[PDB]
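Letter 1367 of the sequence shown, counting from 1, is numbered 1367 in the working numbering, and no numbers are missing. Built from N, CA and C at the ideal position, the CB exists for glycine as well.
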Amino acid sequence: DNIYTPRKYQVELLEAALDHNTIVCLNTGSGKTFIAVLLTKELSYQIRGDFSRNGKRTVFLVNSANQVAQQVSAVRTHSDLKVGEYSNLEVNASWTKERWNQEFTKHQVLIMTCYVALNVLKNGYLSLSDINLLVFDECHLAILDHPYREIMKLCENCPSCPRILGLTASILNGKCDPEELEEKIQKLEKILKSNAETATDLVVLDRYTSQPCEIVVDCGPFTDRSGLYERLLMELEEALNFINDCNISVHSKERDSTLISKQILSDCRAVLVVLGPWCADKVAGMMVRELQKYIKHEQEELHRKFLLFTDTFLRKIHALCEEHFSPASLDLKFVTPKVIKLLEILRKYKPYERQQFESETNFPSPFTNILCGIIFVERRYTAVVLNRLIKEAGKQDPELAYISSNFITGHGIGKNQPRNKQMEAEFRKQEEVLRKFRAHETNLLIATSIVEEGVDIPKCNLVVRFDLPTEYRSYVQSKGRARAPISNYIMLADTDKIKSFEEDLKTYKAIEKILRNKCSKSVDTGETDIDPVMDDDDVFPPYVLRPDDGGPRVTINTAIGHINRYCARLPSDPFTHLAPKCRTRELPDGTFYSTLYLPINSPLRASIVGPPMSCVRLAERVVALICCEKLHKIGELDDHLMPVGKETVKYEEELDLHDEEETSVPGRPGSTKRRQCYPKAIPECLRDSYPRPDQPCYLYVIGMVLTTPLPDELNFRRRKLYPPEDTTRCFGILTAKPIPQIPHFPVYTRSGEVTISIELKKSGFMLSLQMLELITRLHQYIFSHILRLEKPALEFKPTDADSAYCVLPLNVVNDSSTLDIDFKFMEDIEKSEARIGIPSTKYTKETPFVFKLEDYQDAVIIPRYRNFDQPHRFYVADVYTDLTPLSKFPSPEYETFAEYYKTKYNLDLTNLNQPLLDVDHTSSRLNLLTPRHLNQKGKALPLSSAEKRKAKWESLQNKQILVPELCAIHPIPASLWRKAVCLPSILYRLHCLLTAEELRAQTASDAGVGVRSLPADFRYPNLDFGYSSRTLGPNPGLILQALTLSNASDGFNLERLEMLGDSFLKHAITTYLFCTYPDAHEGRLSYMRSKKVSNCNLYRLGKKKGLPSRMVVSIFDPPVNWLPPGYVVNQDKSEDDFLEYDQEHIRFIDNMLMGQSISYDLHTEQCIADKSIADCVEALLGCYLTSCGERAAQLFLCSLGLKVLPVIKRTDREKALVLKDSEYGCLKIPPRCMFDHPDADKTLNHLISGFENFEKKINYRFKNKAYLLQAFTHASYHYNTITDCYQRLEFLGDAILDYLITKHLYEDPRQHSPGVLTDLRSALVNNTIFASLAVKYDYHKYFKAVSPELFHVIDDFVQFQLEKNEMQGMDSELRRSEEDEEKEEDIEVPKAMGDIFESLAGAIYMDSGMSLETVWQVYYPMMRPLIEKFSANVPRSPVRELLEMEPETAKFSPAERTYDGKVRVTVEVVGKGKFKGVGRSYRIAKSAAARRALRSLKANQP
């Protein structure tokens, strides 16, 4: 259609057509439109302007309206020029000169048919000095009197001549003598006033290996040794002349029998003559089943009878061949020796045991030590049975048993129904056979002799003929399919093929010799060189910048190998194939002028001119080894002339990630398996704060201020409200060590959220040892006896404790709003035996016990009839004065309480005057950081799973009301109980938030941002989970969120800040590594950024502040894992081994100037996945960015000691626009990145042509243009030495494009959960969507290149794009069914477009100010709809849906080692079926197997 595979020959010799008249001829007939855009577009400099500057217009000339539409579409979908058209002669008969001036002002590519061209030229309407390209299509017509010769006459006389481009693919048709071609070439040349070469498309030999050698191969006489051939051929002749009398007139192909019957007859007859009867025997079954399917598909009497006769004839052959001989143990004494000799030549090249072969006299290769050949046979009705014969023969020959020959059977003749999916099926199976053959899974390809064109099968060891060809192109292609290391061309020939073979050989040999004597449009030498090379390393010394001693003596061709391997490893795409082209060409000096075509994609590109020499070999050697000299001067070069990039700077990336899974042993450094214990960490402000004899004591106070009520439909116990505002006293905190203001922080009591506070109310005074002794005693009493904390492990020892600070209640005294310590209360405690519970004096009638109205209020009772070793603690929840010790029991198992207690412990009251009460338990749970009255599955429905311990024992123990007679009075009022019980949770939080404070204080001390001291000016808000604002660092409230992991089941954990931190981290160090390399590369940049962002690499950086020490990970339940301040544990029981190597990957780059698993104790340490340290730093960066902006986060990442900015000094950073030095100087911009010259800016003028329509789409106006050229200059375009390729900026932008879209997916108001915000961070960044957008907005039209492949596939892909309009705008998005996705996959996206898209992003950023802002207000237009549809519904995928619906019964298998690279992942699910799906990629195969499993899941369990 509009697509072809362009000509390689012209990839670098279009340069001819650029500067002189030419003719070019290609036999394929392809690469014609794709030879048209490449010369037309490339000369837009003289076409874009007006017709009053008198800029010339570009005729086109073809001889069909077909070709008019063709070239029309050839320019619009690859060009920027205003395309015109004309194919009519009548409307052209009615224009005037100035009308045609307007028409010349409208278009700039003037498709003209023939007669109209002649007329509008000869009637003085357009000078032949207004042309600058006159294409002729089918220029062969010149030999006959054709309109071409006359217009050429015309141009002969006008005083200008455009270039010329005379194309043809008809003068090499069929076979003809060299005189014919040569004379036609001379005639055409002189007619088109242009030099013209002899065809350059029939030279197909490989000069990167030994060329396939033309020799006829021989089998000669063969004798028949079964006895069936004679009678078989006789019956075949009889049936043949019989079917020649059953002819039916022309109809559809299954309404005639004579054609298919005669064809299969000829097939089996040839099969017989050339192989034997057993093969036609074995294909008889397939033939008759095929014709059976056919005869069921259609019936009509004549062809019915005839197909019946053919089928019974074939079965008759089968019955004869099977009767006369057993099909098993097939001997080669039954076989025509031709096939025996055939077997010999085939098995010539198979593996050798004596020298180990990768899966000698033939030097190691898996394609000349192991057969990977192709063999050509006339039909496909003999190939499959040729393989069947190879199996039933090589059963006794091991040389043939480990041949894994694959036959090819696609479509023969006849078809059952149109558009049968079988076409696509055999399509994909042949694609598998192809991708196997190339990678050697195939050991032999048995193909038809009609499938050798319109397709190429590469790396054929043995291009073997077993049917003879009879035409030039056929022979040439059959040869040309050998791309293997020791390749030869096998013309195995019987007693009559030899003559024709030798004839074809000699004839086509003369043909190709004359075809190669005149290439590049001049007389020259072909694939062979000017002169075979003499040993000249003595003439130019081989050692390159190396007087290194030792070392070998080598031959000269070692130099060829080395310089060719200089560019066989360079980092760049598999669409680019280049070399520094040694231009040894005659420029008029008496000698051969010599320069170097340096590859543009290497850091040094400046052309060099060494000394010239009259012998081309010598000057060639001069420039080659001075090349090697200078390239080792820059040190981009080593011994043996190989580039360092991606050879040894490539380092293993399994020592970062998990490749040891589901195991328990230390594995990769930073796996879940790598584990190390770190010590718990304590503020200095809780250390040595133990009361000592000299202490100016300060006394804080806890606000206990309730704000939010909570309904009792949100209370799943239906508890009646108690306020934390029911307050008299407040638990102080007593020390002379000072405690900074702590941002108010929440808890959960049983009235909602409550805002704890830390403030002051007194300060300064000291105490006697007596009071200190008393207070310490009250401390230990609280934590010991109140909540029952103690296990024997601890022992109270406050002097030398790790962290001692007491508590003691603080109460309103001095009769004012200031408060103080209420000794009285301590004393009242001491007076009682109610410190230890169950006092020894009883009060029922041992001492008369009577009703007290207020002492069963605001108090806490203790039963004494039960649990005599370990009391519980109840307190009045509903005091009752309407209940009595004589009243109804709560359940009618009694009717009075005294009977109840008399029936258990034989206790009958005689003083019954205390009404009974409802009361409640104490310390049911000690976890108060997240709701315990409400689940974490969401509880709109009643009942939670976090109140099943003693909030279920409550209300089965409240089933009995209590007469206060048998319960002592614990000596603390209910106010202080409510308060204190929160002290385990509240003091714990302080321990964490104080940690955070110390953390931030230190980092501010070492960084520029913030200060060690805190004025407390920065607003410190309450944390939310389910003075000024000058940057002083963020509130400690965020710093803790980053520190915790998702393992604490808190409301907030460090997932979110992982991504915002990661993205920004990339971008920071990408643009770092870029603008710090005056000349950079890929291999360098790839292996500089890749290990800098490593889970292992970060670990080490974390050990500079000790951040692992302060993490929060284990769920906090106090009896197990938290000790109270003042206790010292005593037990009741009485690495770098993969991180030494990672660092060398970012250091092997400077070879050139850059520019339980461990048992641990629960109360003093921790142990954690090593994965954590990755996450904490990845979320700490995240905090600092999203709360204090760029320059801050910059300096924060800079504080650790990592060079986000290049290492200079703090003083350089500061004056270029407590605190101390850990910083680095600001960024530098390269002092050169290309070559600048005012003249010869026609390419810049091309960039001008470039912007005339590229300013509007990007809505941008550059103030530098260079970088805009660098945008789209691909790797293989080479007419530009002023700029560089699009790699570096493909890279400088990828981080920025992404970082931007992470930014704008974090600041979204929904702020949705970070378990899906990693489904808009690798579904909005992948080359499919990136390529798709670039094309729609016309980035492709201004695409610079020479390569064929890009251009072919890009025409394809853009066609498909523009057929879609908006995706689903026409209702089509083709994913509803599997067949839709299968029709989608039938196009493979380029990987050219996504490239430039990211690159141009880089461009907008780097052109001026490096201010993401500008990038954002450019790109946001084009990206916007993609975000908006994506974030409309997040894109769930089949892999995710299968892995999440079925938790671990459905999985995917890991990647398998396969030669083709197509992996048939088998879903690891039992009961959902196993679906073997082979997909071009592991991703798409995984998704396809998932879709199959999900279809089954819906058809079985919807």
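- Counting along the chain, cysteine 677 sits inside the beta strand (DSSP E) bounded by residues 675 to 679.
- Counting along the chain, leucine 444 sits inside the beta strand (DSSP E) bounded by residues 444 to 448.
- Put simply, of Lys175, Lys122 and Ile1329 the residue whose alpha carbon is nearest the alpha carbon of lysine 506 is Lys175.
- Counted as a single uninterrupted DSSP element, the stretch harbouring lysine 1476 is not any alpha helix (DSSP H) but the beta strand (DSSP E) occupying residues 1476 to 1479.
- Beta-bridge partners assigned by DSSP to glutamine 1166: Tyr678.
- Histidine 1081 counts as buried, since no fewer than 16 other beta carbons sit within 10 angstroms of its beta carbon.
- In this structure, the straight-line span from the alpha carbon of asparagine 906 to that of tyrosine 900 is close to 9 Å.
- The three-state reading of DSSP puts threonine 648 in coil, since its state is none of H, G, I, E or B.
- One Cα belongs to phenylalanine 1272, the other to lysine 1344, and the distance between them is close to 6 Å.
- Residue pairing by DSSP places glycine 1126 in no beta bridge whatsoever.
- When the beta-carbon positions are compared, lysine 1265 and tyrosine 1337 stay at least 9 Å from each other.
- Between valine 523 and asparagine 517, the alpha-carbon positions lie close to 6 Å from each other.
- The Cβ neighbour count for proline 277, taken over all protein chains shown within 10 Å, is at least 16; the residue is labelled buried.
- Residue pairing by DSSP puts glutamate 759 in a beta bridge opposite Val701.
- Within 10 angstroms of the beta-carbon of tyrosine 1020 lie 16 or more other beta-carbons, which makes it buried.
- Per DSSP, reduced to three states, the secondary structure at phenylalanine 1291 is helical.
- From the listed residues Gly1083, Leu966 and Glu235, the smallest Cα separation to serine 840 is found for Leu966.
- Judged by DSSP in its simplified three-state form, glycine 1189 adopts helix.
- In the three-state reduction of the DSSP assignment, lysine 518 falls in the strand class.
- Taking a C-beta distance under 9 Å as the contact criterion, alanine 74 and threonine 28 do not qualify as a contact pair.
- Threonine 22 counts as buried, since at least 16 other C-beta atoms from the protein chains shown sit within 10 angstroms of its C-beta.
- Contact check for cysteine 697 against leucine 721 fails: the beta carbons are separated by 9 Å or more.
- Annotated three-state conformation of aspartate 726 is coil, per DSSP.
- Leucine 1162 places its beta carbon 9 Å or farther from that of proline 743.
- Within the model, the alpha-carbon separation for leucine 330 versus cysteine 321 is close to 13 Å.
- The alpha carbon of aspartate 1212 has as its nearest neighbour, out of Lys1228, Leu1200 and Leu1073, the alpha carbon of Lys1228.
- Judged by beta-carbon spacing, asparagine 935 lies within the 9 Å limit of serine 944, meaning their Cβ atoms are closer than that value.
- Only residues of its own chain outside the window of five on either side were considered, and among them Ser261 have a CB closer than 6 Å to the CB of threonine 310, listed in chain order.
- Across the structure, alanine 1392 and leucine 604 are spaced so that their CA atoms are roughly 24 Å apart.
- When beta bridges are read from the DSSP output, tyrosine 597 appears opposite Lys581.
- Nearest to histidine 970 by alpha-carbon distance, out of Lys939, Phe874, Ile1149 and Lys1341, is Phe874.
- Note on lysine 509: under 16 other CB atoms within 10 angstroms of its CB, so exposed under the neighbour-count rule.
- Where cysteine 155 is concerned, the enclosing alpha helix (DSSP H) starts and stops at 147 to 157.
- By the neighbour-count criterion, in which a residue is buried when 16 or more other Cβ atoms sit within 10 angstroms of its Cβ, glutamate 1366 is exposed.
- Under the criterion of beta carbons closer than 8 Å, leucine 444 and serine 405 qualify as touching, at roughly 4 Å.
- The DSSP-derived three-state label of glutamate 795 is strand.
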